[PDB]
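The chain that follows stands alone, in the form deposited in one PDB entry, written as structure tokens.
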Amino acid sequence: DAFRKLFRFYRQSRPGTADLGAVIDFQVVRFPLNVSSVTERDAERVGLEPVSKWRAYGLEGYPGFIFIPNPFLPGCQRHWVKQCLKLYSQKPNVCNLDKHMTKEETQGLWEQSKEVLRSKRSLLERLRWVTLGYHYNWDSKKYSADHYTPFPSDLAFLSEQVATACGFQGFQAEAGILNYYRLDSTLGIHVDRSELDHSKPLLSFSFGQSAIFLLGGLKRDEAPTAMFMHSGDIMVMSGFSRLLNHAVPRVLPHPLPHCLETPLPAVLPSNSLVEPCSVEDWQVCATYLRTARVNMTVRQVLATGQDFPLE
């Protein structure tokens, strides 16, 4: 339980201390990306700056582990979190509130939360996860072609470009899992093995408040290494770093960030998947993200020539 020992270590807040400086803000190497793999027009279309200005990092003993500090164009974060909270939750996809709350109670989430923010505990505070594409059955720990809703296009294009730049051009976005946090929310010690195609990488996107991650080998026995994950930061776990045990011990609060300080531009490209945000949407997103953090994992389920067995 060495991983759990560091998990309880950092779980003791201790902000701005020896603990704050024991992590790896952005052993450390730079990962040569491929500015040739993507064009600034598609990256503008999805709100990421030219790969020529991206910086990627890896660590010794963790090959294929890619950390990329915030590459998002200034302001783009706002759209992604918005669609994360305003759109991706409701009826077509699946969230945790579907188990004991009916679709009528959940459909009125955004507007009733706007009335709640205007009036000054609602459901958006109670959100814990959303699944996109092939809906992960938590109980079964399996995927199924039977439980499926179409993967959001813009999100898929994002994951596709990022995975292309990181060296996997044949990446179709099939499974999505968007974790939502409270301040005290955590993510447990686990490996990410529910998929059938392990070759394709796991694409994590951090937002909201800063958080502390961890990276340990396939055996939970191997002690973890700890690093930050600010808003906009992106982890691409590939090759070896895909069967590696990881967690999120804390959402560290404000000593909302600076990437949220910079707003959207009025002029966005005509083919851009980055989209406009009404003002009260960044109001509720801005408050909720002053409270806590969001995470966006994207995954390949099936290999290119593989399909779910029948039996």
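When you see a residue number, it is the position in the sequence shown, counting from 1. Take the two forms, find the largest set of C-alpha atoms that superpose within 1.5 Å, and that set is the rigid core.
The form deposited in another entry exists for this protein as well; it is not shown, and the discussion that follows is about that form.
In a core superposition between the shown form and the other one, the Cα of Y136 is the only one among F205, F213, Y136, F72 shifting by 2 Å or more.
Comparing the forms between the shown form and the other one on their rigid core, the Cα displacement of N179 stays under 2 Å. Relative to the superposed rigid core, the position of the CA of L87 differs between the shown form and the other one by less than 2 Å. Core-superposed comparison between the shown form and the other one: CA of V38 displaced by less than 2 Å. Relative to the shown form, the CA atoms of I212 and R220 are pushed 3 Å or more farther apart in the other form.
Compared with the form shown here, the C-alpha atoms of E160 and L218 sit at least 3 Å farther apart in the other form.
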